[PDB]
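Heads up, the thing below is written out as structure tokens.
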Amino acid sequence: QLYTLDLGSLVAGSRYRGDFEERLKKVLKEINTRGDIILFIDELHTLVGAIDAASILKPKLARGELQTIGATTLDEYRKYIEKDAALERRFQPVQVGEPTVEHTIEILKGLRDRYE
Amino acid sequence: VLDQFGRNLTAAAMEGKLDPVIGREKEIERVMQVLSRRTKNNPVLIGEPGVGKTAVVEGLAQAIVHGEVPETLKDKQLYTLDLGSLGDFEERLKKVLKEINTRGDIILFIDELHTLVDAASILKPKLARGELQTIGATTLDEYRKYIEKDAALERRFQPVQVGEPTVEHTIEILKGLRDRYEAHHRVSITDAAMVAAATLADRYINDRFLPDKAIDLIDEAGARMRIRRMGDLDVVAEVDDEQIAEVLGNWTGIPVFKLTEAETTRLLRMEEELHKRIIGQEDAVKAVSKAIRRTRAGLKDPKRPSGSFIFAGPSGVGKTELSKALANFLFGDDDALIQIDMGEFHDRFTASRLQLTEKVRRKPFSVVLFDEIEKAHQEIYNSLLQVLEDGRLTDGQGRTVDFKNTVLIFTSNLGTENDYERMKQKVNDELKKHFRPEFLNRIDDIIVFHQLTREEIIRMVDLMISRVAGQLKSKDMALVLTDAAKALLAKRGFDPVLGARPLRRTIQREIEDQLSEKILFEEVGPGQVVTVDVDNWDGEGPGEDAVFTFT
Amino acid sequence: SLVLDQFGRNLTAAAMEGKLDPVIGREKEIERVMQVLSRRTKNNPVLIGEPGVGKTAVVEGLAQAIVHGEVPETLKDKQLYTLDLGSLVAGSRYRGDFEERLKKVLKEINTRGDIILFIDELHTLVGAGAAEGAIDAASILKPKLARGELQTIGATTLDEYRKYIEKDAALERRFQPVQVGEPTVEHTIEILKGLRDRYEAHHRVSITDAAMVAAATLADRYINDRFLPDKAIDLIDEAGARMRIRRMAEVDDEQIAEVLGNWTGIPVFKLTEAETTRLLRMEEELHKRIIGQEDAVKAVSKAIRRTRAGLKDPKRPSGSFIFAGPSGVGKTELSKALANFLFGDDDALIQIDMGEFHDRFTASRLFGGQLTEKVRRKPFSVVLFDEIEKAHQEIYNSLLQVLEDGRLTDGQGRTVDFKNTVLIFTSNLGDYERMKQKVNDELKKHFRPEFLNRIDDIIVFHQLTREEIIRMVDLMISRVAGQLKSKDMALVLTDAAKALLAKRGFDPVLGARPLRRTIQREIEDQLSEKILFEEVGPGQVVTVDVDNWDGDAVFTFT
Ligand SMILES: Nc1ncnc2c1ncn2[C@@H]1O[C@H](COP(=O)(O)OP(=O)(O)O)[C@@H](O)[C@H]1O
Ligand SMILES: Nc1ncnc2c1ncn2[C@@H]1O[C@H](COP(=O)(O)OP(=O)(O)O)[C@@H](O)[C@H]1O
């Protein structure tokens, strides 16, 4: 199961001091307990900032119990993410390019049914 | 408490978890030099990311455990300090530093020392007291940015450089880590695969650096082999040049046919791949072909640029388009051709800028063009002499720009078969008097272009009118040009002084404009081929009495 | 107290413990520091000196004097605390972290009443905190510095003092300058003799007197990027560390020579001070790369011996020689060989040709410059001046005064010294005795004869004889083979092929410059196209031969 992570859901309602930490640790425990969940954290650049939301994930990502997929703009990657020692060593930039014009034609042909 | 707030490297070596290091003997002995001093005894490792800065520390830990260190470094435990485990922050950091000082035999590895320069309020005085012995790891720009301008640290931190590993060193590193990767992926990797992976990581990849740049390809090929491989079947797997080529094709978006094959054959089918784009200049084509064959093949001095060409001929008559053709073959992109014109650089303030350094650093495997070198500044001349002589560029930033893989073409309008023999004679004469002999003495070759003839100018006309032919096919129309109109349009556009550039104006005025009015007139509009023709003309006159006709 | 510890180190308590290195010969500066520190109002001294002269050493010696008790009553039992601005500037990502930390430090100082600040890098006081207009460290220290209640000791660099402190007159009138100049050779020897005890205790090695003497006398004249005695101490300390890793002994001239050779790349036997014996064998060290010109080699060798002996007046440049003769004789490579012998580096020579720099605007580039910056980076450099015939009168006058006083006053406002610079004027203007009289009358009518008076030697090169051209062909084929031996290609050059190489290479009207072009065209290009088209491959010898002339010619790569 591939789950995308909503940080707003984590941080909403976390009025008490340790509620965010408890929520993130419970999420990580559930992920490592089920053993078949992949994480997709869209906008990986805003992970810093809930102690932070990202600072909880640094010990886990260093030890390899957590596997995540990020998504970032070219400019934001060179400014927010790589400026760390436990992340630049553990994240692999997979470049996704702008589709070619003929590839865009095929993409539009594949989306014809839903718009029609 | 140190294990709860950091990771021990010396204790990890008995477990053997740490990867072996290969070929870092000189940097490790330099690190023991710096660590075995009394002033400036803390080394900082300087190098690009993904070069092996932490590998030097790992090798130091392995050598400490193996017992190849002086008495000062005997039984010294290296501890990588991670900030993730660390009011409470300052006291826990002070407690762990106090425990380090109480032990007295702990050496801290603090990677990315820019994180200090919000712990700077704690570690900076402690290292001032000399009770903390630390190995730092930063890059060159950061070291020249933060540490070098911080006067309080040159008394306590000494730089040691971790340079880029060579190709053979990268191959040896891959051979060393073969056992680890064969164990992890349960795949078998051959030596030719690692040699190919190192070479292609050096050649087609820019954004990373060796040996991370090739170990990534090796790991990616192992992952692909495990994906494509996974009743019972035997374990018969062999990562070879094919898997590495496919992985790099998926990486950099290069098509799978002939991406990595005989570069000799690639250089030898030069002529027809120019001939689909270049017009005429067959002598110039074969001259530049044989020059790039005899210069790029490693027969020239390896500490020099791959080639240096002089393009003699009128401006825009075929030299520049041939440069784009060479860029599209060797390096694959027109934008890979960095466009530098000496007409824009006519003063010292602009000459000192040599928007050229970051462009050639964007792609080291890119062609460098210098247009109209006659009016370049003298500082430009001296920089060109330096670059051609030592094979390097020393920019104002202060980095050695790699120029093995850049090829230089000097595009100029100087001097513009017996007539062409006299042409070449006076071109080299004017390069002996208007220019100076040593600059040409450090030029690989000079080629002088020829004036384009009748069938050459017709083959220019038909290809460039094919642009509006395609634009007209886009409107369910077709365009036909007769030979009489071709010859008359060539005669109208015949200007050997200015070249074929006024032919653009003649095309744009006579053909596209009248056709654009005519399609709006809606008589030779959609649903009919239009065939241009010329009336009131014999085939020899200048064309003042001749009129274009549309059917 | 408890808050100064996280920002600084107690120098007085550390000197009481016995951690501080002793200072040699800084009695005057430390006395001046007590003089300024004893004042009632504005008792703040700032130590101005180049980086690496010992300003922090002066402050530490002051702490050593305070703890023992050789100070007046106004400096007795005063805890000297160092303070760094970087531990306060960093972490100021909010509105008032910097002001809070600095106010806490000042409050602790005022409550203690016996704290003197050694704030290093004083020039960052204006730039710390906010900008220079808003509230910064200067704005919070100035109301208290002027009344002499906050005793502080600053340290800075001369140019940074003139550019940062002197612009702010209110801050400039609050700090008394104390000049700490760069020590000489003998003071550096005394410093090394003082610190030998600490370094031999730390390194477990015995340092001889020749060791410190060699360290100082090599660091002072070879390293110019820093200032003494930081460089000599660095040499001794690095040599001790090298010995300590090699043992798993004693430090002498060999250790210092090898560590400085590692630092600079110059070979070790050069750095050994066998200058006379090196001067004894330089005839073959110069002839090992040059061909013929035996009279020229002898003349330049006796010139080098007469100049480097030190018997002349030490108000002149080391040497100044004119090189006359036709081009292609090898004057440039001779200058390069001289640079290689005298200093050990091929880049130690500067190649400047003024034929492209004619007007005064280009003379501003010349001096006022890359020449000035390179002779400031290293004053022991051979300069090469090509084509002095077409010179402008301003260039003439500047050359006159430069060679006159051994000194150049550039447009940068600096007096750059030329006392050991070797000037080589490779002039193409104008049997051996006859060439003297021909140029003697001709330079005095083209230049002034004060040129010929002030110059040292005129060395005239004759044309290269055919067998010398043959040996030059051998030398160039040697490096061609050196760069192509990677592919196991063996070249044999027959006598007829050598004659063709000589005749297509030697242009008597133009000299022996065009060899480098032709040897790449007539040999390297043909060999390249023969390897590419697979007529010959690796591991086969090619004995190249030629037809059509034995004493239109085609080269056969047999
Ligand atoms: N000489 C070597 N021998 C073996 N492995 C090496 C060597 N140099 C680098 N490596 C490997 O290359 C990888 C790249 O490390 P790097 O990215 O330079 O570390 P950092 O991110 O701290 O700069 C390391 O994991 C290391 O194992
Ligand atoms: N008189 C001296 N006695 C002993 N050591 C000295 C003396 N003068 C300078 N030094 C040494 O020179 C080095 C640089 O001095 P310091 O003032 O700490 O830094 P800088 O001079 O660069 O400001 C110090 O390590 C110090 O030991």
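Listed values, structure above:
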{"read-out": "Of the criteria (1) more than 19 Å from residue C:257 (Cα to Cα); (2) within 10 Å of ligand 2 (Cβ to nearest atom), which one residue C:188 fails", "value": "(1)"}
{"read-out": "Hits in the stretch B:143-172 (condition: acidic (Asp, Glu) and touching a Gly at 6+ places or on another chain (Cβ under 8 Å))", "value": "B:150, B:164, B:172"}
{"read-out": "Unique residue being away from ligand 2 (no atom under 16 Å from the Cβ) and more than 27 Å from residue A:92 (Cβ to Cβ) when the list is B:30, B:7, B:38, B:24", "value": "B:30"}
{"read-out": "Pick from the stretch A:91-116, criterion closer than 22 Å to residue B:206 by Cβ and surrounded by 11 or more Cβ atoms within 10 Å (Cβ to Cβ), ranking: farthest from the other protein chains (Cβ to nearest Cβ)", "value": "A:91"}
{"read-out": "Residue that is farthest from the other protein chains (Cβ to nearest Cβ), among those in the stretch C:512-530 that are closer than 14 Å to residue C:476 by Cα and of a type in the set (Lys, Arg)", "value": "C:521"}
{"read-out": "Condition check for residue A:50: surrounded by fewer than 17 Cβ atoms within 10 Å (Cβ to Cβ), among the small types (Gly, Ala, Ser), in contact with an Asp or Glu (Cβ under 7 Å, 6 or more places away or on another chain) and more than 14 Å from chain B (Cβ to nearest Cβ)", "value": "no"}
{"read-out": "Filtered residue count, the stretch C:446-482, keeping only those that are surrounded by 14 or more Cβ atoms within 10 Å (Cβ to Cβ), under 32 Å from the mean Cα position of the chain (by Cα) and not hydrophobic (A, V, I, L, M, F, W, C)", "value": "3"}
{"read-out": "Subset of the stretch C:17-55 [outside any loop (DSSP other than H, G, I, E, B), farther than 23 Å from residue C:188 by Cβ and of a type outside the set (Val, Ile, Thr)]", "value": "C:17, C:34, C:35, C:37, C:45"}
{"read-out": "In the stretch B:232-252, the residues that are touching a helix residue (DSSP H, G or I) at 6+ places or on another chain (Cβ under 8 Å), farther than 30 Å from residue A:103 by Cα and either in a helix (DSSP H, G or I) or of a type outside the set (D, E, K, R) (or both)", "value": "B:237, B:239"}
{"read-out": "The stretch B:155-175: number of residues that are under 23 Å from residue C:238 (Cβ atoms) and crowded, with 16+ Cβ neighbours inside 10 Å", "value": "6"}
{"read-out": "Among the candidates C:227, C:175, residue that is within 14 Å of another protein chain (Cβ to nearest Cβ) and in contact with a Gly (Cβ under 7 Å, 6 or more places away or on another chain)", "value": "C:227"}
{"read-out": "Search result, residues across the stretch B:119-154 that are at the interface with chain C (Cβ under 7 Å from one of its Cβ atoms) and either more than 40 Å from the chain's Cα centre (by Cα) or farther than 26 Å from residue A:89 by Cα (or both)", "value": "B:121, B:122, B:124, B:125, B:128, B:129, B:150, B:151, B:152"}
{"read-out": "Selection within the stretch C:41-63 - near ligand 2 (Cβ under 6 Å from one of its atoms) and in contact with a strand residue (DSSP E or B) (Cβ under 8 Å, 6 or more places away or on another chain)", "value": "C:55, C:56"}
{"read-out": "Residue B:87 more than 16 Å from ligand 1 (Cβ to nearest atom), within 14 Å of chain A (Cβ to nearest Cβ) and over 22 Å from residue A:84 (Cα atoms)", "value": "yes"}
{"read-out": "Single residue of the stretch C:201-224 satisfying the filter (away from ligand 2 (no atom under 15 Å from the Cβ) and of a type in the set (D, E, K, R)) that is farthest from the other protein chains (Cβ to nearest Cβ)", "value": "C:221"}
{"read-out": "Within the stretch B:175-186, considering residues that are in a helix (DSSP H, G or I) and out of contact with any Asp or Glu (no Cβ under 9 Å at 6 or more places or on another chain), the one nearest to ligand 1 (Cβ to nearest atom)", "value": "B:179"}
{"read-out": "Qualifying residue in the stretch C:7-16 (condition: surrounded by 18 or more Cβ atoms within 10 Å (Cβ to Cβ) and under 15 Å from residue C:176 (Cβ atoms))", "value": "no"}
{"read-out": "Complete set of residues in the stretch C:452-470 that are closer than 16 Å to residue C:433 by Cβ and β-branched (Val, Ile, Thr)", "value": "C:458, C:459, C:460"}
{"read-out": "Number of positions in the stretch C:181-200 that are among the β-branched types (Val, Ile, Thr) and either surrounded by 22 or more Cβ atoms within 10 Å (Cβ to Cβ) or within 14 Å of chain B (Cβ to nearest Cβ) (or both)", "value": "2"}
{"read-out": "Residues located in the stretch C:531-552, provided they are closer than 20 Å to residue C:483 by Cα and more than 14 Å from every other protein chain (Cβ to nearest Cβ)", "value": "C:539, C:540, C:541, C:543, C:544"}
{"read-out": "Counted residues, the stretch B:437-466 - those being in contact with a strand residue (DSSP E or B) (Cβ under 9 Å, 6 or more places away or on another chain) and among the basic types (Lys, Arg)", "value": "1"}
{"read-out": "Pair list, Cβ < 8 Å and 6+ apart or interchain, from the stretch C:208-235 residues that are on the phi > 0 side of the Ramachandran plot to residues that are within 16 Å of ligand 1 (Cβ to nearest atom)", "value": "none"}
{"read-out": "Residue among B:21, B:1, B:44, B:34 that alone is away from ligand 1 (no atom under 16 Å from the Cβ) and farther than 20 Å from residue B:102 by Cα", "value": "B:34"}
{"read-out": "Residue B:167 aliphatic (A, V, I, L, M) and either within 14 Å of chain C (Cβ to nearest Cβ) or within 16 Å of ligand 1 (Cβ to nearest atom) (or both)", "value": "yes"}
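Note that we place each Cβ from the backbone using ideal geometry, even for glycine, and neighbour counts take in every protein chain shown. Bear in mind that the values in this text are calculations on the coordinates, not laboratory data.
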